[PDB]
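Below is one structure; the comments refer to it alone.
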Amino acid sequence: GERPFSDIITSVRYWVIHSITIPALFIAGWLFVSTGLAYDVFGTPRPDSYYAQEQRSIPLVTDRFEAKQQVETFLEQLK
Amino acid sequence: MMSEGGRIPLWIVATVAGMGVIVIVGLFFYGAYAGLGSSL
Amino acid sequence: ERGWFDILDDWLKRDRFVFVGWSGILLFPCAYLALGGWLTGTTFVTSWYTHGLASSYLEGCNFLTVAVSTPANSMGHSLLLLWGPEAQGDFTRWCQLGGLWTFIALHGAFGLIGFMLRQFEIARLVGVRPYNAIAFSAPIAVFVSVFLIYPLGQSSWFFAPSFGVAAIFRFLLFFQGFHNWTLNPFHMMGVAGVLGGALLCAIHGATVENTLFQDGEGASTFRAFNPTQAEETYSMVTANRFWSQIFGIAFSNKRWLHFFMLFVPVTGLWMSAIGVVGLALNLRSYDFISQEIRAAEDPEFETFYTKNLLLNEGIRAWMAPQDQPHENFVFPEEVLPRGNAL
Amino acid sequence: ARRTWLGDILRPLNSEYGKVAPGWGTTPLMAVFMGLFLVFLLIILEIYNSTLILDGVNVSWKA
Amino acid sequence: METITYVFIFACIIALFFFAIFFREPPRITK
Amino acid sequence: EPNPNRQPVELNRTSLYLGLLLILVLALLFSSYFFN
Amino acid sequence: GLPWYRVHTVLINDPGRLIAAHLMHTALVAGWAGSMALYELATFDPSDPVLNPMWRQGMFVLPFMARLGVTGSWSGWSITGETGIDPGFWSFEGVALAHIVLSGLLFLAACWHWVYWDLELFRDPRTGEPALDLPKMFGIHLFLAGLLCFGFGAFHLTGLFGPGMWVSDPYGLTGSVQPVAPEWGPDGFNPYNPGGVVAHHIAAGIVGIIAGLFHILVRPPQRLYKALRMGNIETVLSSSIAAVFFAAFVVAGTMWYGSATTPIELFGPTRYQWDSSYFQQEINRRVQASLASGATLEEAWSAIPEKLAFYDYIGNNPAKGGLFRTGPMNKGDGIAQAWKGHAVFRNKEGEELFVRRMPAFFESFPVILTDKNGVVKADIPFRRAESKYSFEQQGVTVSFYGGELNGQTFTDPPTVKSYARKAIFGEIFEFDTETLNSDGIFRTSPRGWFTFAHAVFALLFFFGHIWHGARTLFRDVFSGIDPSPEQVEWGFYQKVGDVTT
Amino acid sequence: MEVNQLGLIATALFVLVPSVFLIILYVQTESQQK
Amino acid sequence: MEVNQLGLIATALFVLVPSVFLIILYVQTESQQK
Amino acid sequence: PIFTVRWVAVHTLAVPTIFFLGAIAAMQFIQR
Amino acid sequence: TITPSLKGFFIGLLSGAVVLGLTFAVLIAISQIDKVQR
Amino acid sequence: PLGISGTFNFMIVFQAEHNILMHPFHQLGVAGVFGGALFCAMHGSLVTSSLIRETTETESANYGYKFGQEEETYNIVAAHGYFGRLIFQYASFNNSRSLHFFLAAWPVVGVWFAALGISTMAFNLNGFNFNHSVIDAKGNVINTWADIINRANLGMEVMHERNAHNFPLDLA
Ligand code: CLA
Ligand code: CLA
Ligand code: CLA
Ligand code: CLA
Ligand code: CLA
Ligand SMILES: CC1=C(/C=C/C(C)=C/C=C/C(C)=C/C=C/C=C(C)/C=C/C=C(C)/C=C/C2=C(C)CCCC2(C)C)C(C)(C)CCC1
Ligand SMILES: CC1=C(/C=C/C(C)=C/C=C/C(C)=C/C=C/C=C(C)/C=C/C=C(C)/C=C/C2=C(C)CCCC2(C)C)C(C)(C)CCC1
Ligand SMILES: CC1=C(/C=C/C(C)=C/C=C/C(C)=C/C=C/C=C(C)/C=C/C=C(C)/C=C/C2=C(C)CCCC2(C)C)C(C)(C)CCC1
Ligand SMILES: CCCCCCCS[C@@H]1O[C@H](CO)[C@@H](O)[C@H](O)[C@H]1O
Ligand SMILES: [Ca+2]
Ligand SMILES: [Cl-]
Ligand SMILES: [Cl-]
Ligand SMILES: [Fe+2]
Ligand SMILES: [Mg+2]
């Protein structure tokens, strides 16, 4: 019932739309990482946030129900 | 801007798209050797 | 005059490019969330707080090393729902705790249910017998036993496979070292069915392609076939004679041939699932008792079986401290099993 | 076919093969019971799982 | 006893191969 | 008077050979574990 | 003719012979239960519920008899260790005999139904064709099921007319069959609360009676009758198999995790009790409380019941077995005889050291001793040339408190090391390894075997559900597809499989 | 080798019982009016 | 009782081998044209 | 506007894909 | 008492009901607009 | 070795010595044999799904095909109609020759690559090595799943042929 992708993607209308939305989405994803927002949304350490300066033991979660607080505490221990 | 198919030949779309892929994947490989993940 | 249910039914079952169906109501969201959860976690999400591991492109991993990792052992078999008592609605904390693991496992399970319902729904609509759905029971048995039953028998989800290339390879090696899984006859039947299935796939496709009738003038022979033709496109009689003379036996019945193609790999996967259900309980084929009694009494008696357990013992001692961080293992240099020099 | 004393007594219980209520009948009510059943199963699972923790419900051998 | 058992089973399998090949149900074109 | 639900049963020669192959190969696989 | 895998299909349209096959199945199952119990009674040693309970002996049916109140033998003993009891008829032997007799009556009933298959009851009065009114059968059976469920909860489990059920303290030390009152608050849904089992049966039973009455009195909607093919008995097979694989998964789960219906004196301890050091904690609690009340170390440990120490031992953990290591747990480590007492390890300085215990995952495990802060103080080296922590270098000794070896101290390093190897397994026992020619290799308990068989069967029963569901929903195409090319090809129909579009 | 003393009976019956089931079925198929 | 360990398998096959011989012959007789 | 099932399907996949590829591209320039 | 995890449970249930309710309302609405003539 | 446990010995030592799991040709091998098995089951179920009715309920459908008959025994159009809707139309084969070619090519190519994996690891060009590839701002190694693989491989390495090595490197 609908048009073949090969018609749609060889049309000017398609390229006019997508020459703008493709770069736009690409640049939004670039900035998501380049501004560091990706770190904070997901809670992923930056290269300087795996360990506090002197320690070498990993912040493993050890308590099911205050795992949330344990992580909060580990995060404060990075000064 | 017509919806008519065939105006931008399929062979050129496929060439340009494929070149785009080679570029993005090549950048990924370059990153295997620089910055994070590079072992250095 | 027509009821809303019938009107919804019509719309669900319209012939469109992507068939939807009632099954689609379950399949599409769950399959989308499982796949999207995997892409998201492997791109952005760490395993530092659950495993002490980097596991995302963002941290520097590559396609082979990224994973969505299982939660910490301390989480037990918690559903780890976003709104649950561990994460308590906090999306960031949820990711750090391993909530994307159960997200992906559970949505992936409901999505597999939807896909098999889809196989049924389409078969009923088009009017074919639903063997394809029946064949899909094997992937389902493998998924459920490995991703759900297995960790449910163990201490926690931590010991389920993590979703990633290298993480899965780690899972293989864990099963060798701790379960001696290669010794298990249920695994061996699984092996036979997968390798047997790949054998049949290859040999059948090659036999058809080399007993084709000449139905065109082209040297490239694909054009000389029509979907609607009444006639078989290759000779069953010549193929039967060839294999009878080469291998001693041959198929003569096309329906049996195709049923057997379903049977072999489907049965193999089902048998492997059974063994993994045993491993959930540590009910391994780890040892042969007669071997161990003889070897204990006779220090000159050696087999490939005893040689493999020495490798397993190496694997457990060398991998366990980093692989099971919640145990806090410290194995002094002097206690590590090692052969000479190495 | 063989009639028997007990068979005669039981006859009415096997006499309405194929009989239906028109259209959807009590399907809507059934749906509601099914939904409540699903919610009950979710509750007992989450209690066993310690995803739902209730006052005075210590899910342990020990109280 | 175990060795006998394994060799017995193996021997039966080879015997089966012989019957399956030389005493098969012969393929016949319904003709 | 006879039960009209009765039916003949069959096992053709190829199925005998397939079956005996299954049984003997499963015995060849499992016997080691039985002896242990 | 019929292929071998379809021979039983001859029953589909023959209600009387289907009943005969069901009767024969039932005779076989009941014969199994009677046979199994007699074999267990012929092999069971009732003389030590402390260190040789049923779950150490490979008993599978005996705990199910005990769970519901059969605790006594005609020969005078009870499973709690009593002498001089009169269990009446319902001893373990009476239960076995009753199942054997049932089996025989069922068998005779099967024969009768097989021969006299052509009952007028099995025919549709109107059409004279064999007919079963499945929707109404469902109401009748559900109602009977409800009555029996209700009665089971309200009379048997309460003790109101019946013996009650097995209950125990949280450490499985003092188990016995007791009347249990229903629990009607939210703790009724706690799996470890036995009053919830009682309230379940009362409440779910009343609900089965009500719904069975419904299903007796109200016909299925035409829409559901058609969609679920309620004239096709194979529809019932399909959904019944689903219900059963659901139940089978549930019982595997509560067997593995533990519940009030899977008590540890009947099935053995769970693997999670080892994982969480559940018994070690309670042992250390008691010992600490004795020391605080003024006990010597000897007295504190001597007050620990042998049965409590024995739970805190890995050879009783059901996650330490093997699929082909067959038989009773006693066949591996041996028949437990006596607690040796609690081993305390100390180095030359007199500091107390603790042997790192084996996690269930490991078939073998090194010997490593740490101080109370987790710092490694001694071990048994593999390579010796660079050993720093040897028992010999560190002057490790062991002293026992409580049990056989109370008050003894060993200093000979091979001896101290042998006890340290035992300590990785938890508390240390003396075993008889001769009586059964025990081979020293751990086996699982009935807890482990039950879980395994039921998880496996549940999974296989998923296939059976899918298979019979398909056969029900595609009955028309079971022999193949129609000998309309426009219904499978694209473009022709607006809505798939509908020619009216 | 100190093998399990029931391994021989288990293997023999494992082989014999299903094989005999198939032989019974095959021979009574052959003897049917062809 | 210290019985001969081969007693069981000797007894089992003594029963099974000729019983199955007879069953095979009986069933294919029944399946012959009425 | 008139959307189709196919169009929705296409964009649920395509749109995040591009966004993610932009993210991953940027990550190739992170130094520790 | 309504513990934190029981409130969490209710949040989970409402969430699921909303997702399902919205999904079905949307699908019913669409099917009623966009109908198969016969 | 020519034996079942000896084969497993070979595989484990090979992992220790070549990290074959991390080698893309062994990865292609796996794709070939898992894919072979998937497509075997797929094709079998599709053809079986669409057999033309030629038999009664009490007979095996296999009796609906006679050795050497001219007509196809199943409806490939119907098979295609199902599979094309299962995925989308063009994901499905309706040229049986293209189909059977694919069935041949997929496992055969994959398994060629498996063979070439072993045959090139034979000259010690080994699996990918990301051991300590991820390092933090200070220089601390942040382990990945590769490093956990490496700890299992070490165990195999140090234990194999426990009496055979006198010098520190296993160089063959
Ligand atoms: C068919 C579609 C579908 C299905 C089957 C699932 C299933 C699941 N989801 Mg996913 N989800 C979906 C679509 C789906 N989701 C969509 C479209 C989104 C984006 C909006 C999500 C986003 C999402 C998140 C963020 C999470 C889940 C999670 C879950 C899991 C727990 C869900 C739960 O407890 O619901 C409980 C709710 C119900 C069972 C609905 C009950 C409906 C009943 C029958 C009616 C009751 C209504 C009642 C009268 C009103 C409420 C009472 C009041 C007191 C509030 C389960 C695997 C969780 C998980 O994976 O954690 C690991 C999780 O964190 N989902
Ligand atoms: C006050 C009234 C009352 C009370 C106190 C109880 C108390 C109980 N009921 Mg009963 N019940 C009642 C009324 C009551 N019930 C009524 C009116 C009905 C309707 C007839 C029921 C129907 C019912 C069912 C159907 C079940 C209970 C169960 C229980 C127990 C829950 C604790 C447990 O061990 O769950 C353990 C069970 C669960 C936590 C449910 C697991 C649900 C699974 C996960 C669904 C998915 C299954 C799928 C096949 C899994 C495949 C994937 C997997 C392999 C990974 C407990 C004895 C459960 C029980 O029997 O436990 C032994 C149970 O299954 N009840
Ligand atoms: C639910 C089923 C069940 C369970 C959980 C148990 C549990 C137990 N029994 Mg009981 N038993 C059962 C049913 C069960 N039994 C039945 C039906 C019988 C009659 C045969 C017995 C007769 C029996 C005796 C005579 C004895 C026990 C004993 C035991 C204990 C040791 C069990 C053991 O060693 O297993 C070992 C289990 C295995 C080695 C697993 C076998 C796996 C099979 C062989 C796999 C076959 C695969 C298949 C062929 C593949 C086909 C592939 C094809 C489809 C392609 C344990 C408490 C022992 C005990 O200690 O008693 C006091 C004991 O002496 N049992
Ligand atoms: C209550 C459960 C139940 C019942 C009543 C049935 C009944 C039926 N099945 Mg279904 N089925 C089930 C569960 C069940 N099945 C399960 C769990 C599975 C997956 C394993 C299947 C998979 C299945 C398939 C694939 C097929 C059937 C077929 C049939 C029909 C013919 C059966 C026959 O002649 O076998 C005759 C069987 C033999 C002569 C020998 C079987 C020997 C087995 C493999 C090993 C021995 C088992 C042992 C003796 C018993 C212990 C059982 C216990 C542990 C549970 C019949 C209506 C067939 C069909 O649809 O016909 C039209 C068919 O093709 N079944
Ligand atoms: C792969 C999974 C699978 C598949 C493909 C089928 C397929 C089939 N089923 Mg079976 N079934 C299943 C599993 C499955 N079933 C399970 C697990 C159960 C529970 C024991 C059943 C119970 C069952 C019955 C009782 C019947 C069927 C029937 C059928 C047939 C008709 C379609 C149907 O009713 O679907 C049923 C629909 C589903 C399986 C989809 C369920 C989706 C749920 C509601 C999502 C729940 C989300 C959850 C609340 C999220 C929270 C998660 C929590 C862990 C946090 C068909 C053969 C019928 C039949 O045979 O007709 C002839 C029939 O009577 N099914
Ligand atoms: C189409 C297509 C596609 C794509 C493709 C592509 C993307 C391609 C590309 C291509 C390309 C892109 C090409 C290029 C080429 C080039 C060339 C070939 C060049 C040459 C040059 C030279 C030779 C030079 C030389 C020199 C010297 C030597 C010195 C100095 C000077 C000079 C520089 C001159 C695909 C597959 C998707 C699909 C199908 C179709
Ligand atoms: C989780 C979650 C969610 C969801 C999400 C999602 C849904 C997402 C999606 C996402 C996505 C959807 C993404 C995508 C991505 C993609 C990518 C990243 C791609 C890449 C690719 C590439 C790179 C390519 C490659 C290749 C291949 C594959 C083969 C051929 C060759 C080449 C090389 C080209 C929600 C919110 C509900 C909630 C919470 C959680
Ligand atoms: C007639 C009569 C009588 C008698 C009765 C009797 C004496 C009975 C007995 C009965 C019995 C005495 C029975 C038994 C049964 C058994 C069974 C039925 C078994 C089965 C088994 C099975 C099925 C198994 C399987 C298996 C195996 C073998 C291996 C492993 C795996 C499984 C578990 C699967 C009287 C005088 C009372 C009166 C009336 C008449
Ligand atoms: C999507 C949930 C499935 C539940 C099926 C219920 C459809 S029942 C509903 O009932 C009305 C009154 O009887 C009818 O008029 C109407 O046509 C029908 O759609
Ligand atoms: Ca001995
Ligand atoms: Cl070696
Ligand atoms: Cl050397
Ligand atoms: Fe084919
Ligand atoms: Mg980089």
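Chain letters run A, B, ... following the sequence lines, proteins first and then strands; every chain starts at 1. Counting starts at 1 for both ligands and their atoms, in listed order.
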For this session: Check whether the ring centres of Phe9(K) and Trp83(C) lie less than 6.0 Å apart, and answer yes or no.
Result: no
Exercise. For the residue pair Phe245(G) and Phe457(G), is the inter-centroid distance of their aromatic rings smaller than 6.0 Å?
Worked result: no
For this session: Assess the side chains of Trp157(C) and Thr102(C): does a donor N or O sit below 3.5 Å from an acceptor N or O?
Result: no
Which ligand 1 atoms are under 4.0 Å away from a heavy-atom of [X]?
{"X": "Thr102(C)", "result": "62 (C)"}
{"X": "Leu79(C)", "result": "62 (C)"}
{"X": "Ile25(C)", "result": "1 (C)"}
{"X": "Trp94(C)", "result": "64 (O)"}
{"X": "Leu81(C)", "result": "59 (C), 61 (O), 62 (C), 64 (O)"}
{"X": "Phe10(K)", "result": "54 (C), 55 (C)"}

For this session: State if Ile11(K) counts as touching ligand 1 under the rule of any non-hydrogen atom under 4.0 Å.
Result: no
For this session: Could you tell me if any non-hydrogen atom of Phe462(G) lies under 4.0 Å from any atom of ligand 2?
Result: no
Nearest heavy atom to [atom] wins, so pick from [options].
{"atom": "atom 9 (N) of ligand 4", "options": "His25(G), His468(G), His465(G), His22(G)", "answer": "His468(G)"}
{"atom": "atom 26 (C) of ligand 1", "options": "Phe9(K), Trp83(C), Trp101(C)", "answer": "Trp83(C)"}
{"atom": "atom 38 (C) of ligand 4", "options": "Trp4(G), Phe463(G), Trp467(G)", "answer": "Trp4(G)"}

Problem set entry | Mode of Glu234(G) contact toward ligand 4 - side chain, backbone, both, neither (heavy atoms, under 4.0 Å) | neither
Any protein heavy-atom neighbour for [atom] (distance below 4.0 angstrom)?
{"atom": "atom 52 (C) of ligand 2", "value": "no"}
{"atom": "atom 30 (C) of ligand 1", "value": "no"}
{"atom": "atom 12 (C) of ligand 1", "value": "yes"}
{"atom": "atom 40 (C) of ligand 2", "value": "yes"}
{"atom": "atom 36 (C) of ligand 1", "value": "yes"}
{"atom": "atom 58 (C) of ligand 2", "value": "yes"}
{"atom": "atom 46 (C) of ligand 2", "value": "no"}

Seminar exercise, completed: For atom 10 (Mg) of ligand 1 the protein N, O or S atom count under 2.8 Å stands at 1
Seminar exercise, completed: A student checking ligand 4 against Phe21(H) at a 4.0 Å heavy-atom cut-off should list atoms 39 (C)
Seminar exercise, completed: For atom 10 (Mg) of ligand 2 the protein N, O or S atom count under 2.8 Å stands at 1
Exercise. Is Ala17(K) close to ligand 1, meaning an N/O of one under 3.5 Å from an N/O of the other?
Worked result: no
Exercise. Which of parallel (below 30°), tilted (30 to 60°) and perpendicular (above 60°) describes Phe463(G) and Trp270(C)?
Worked result: perpendicular
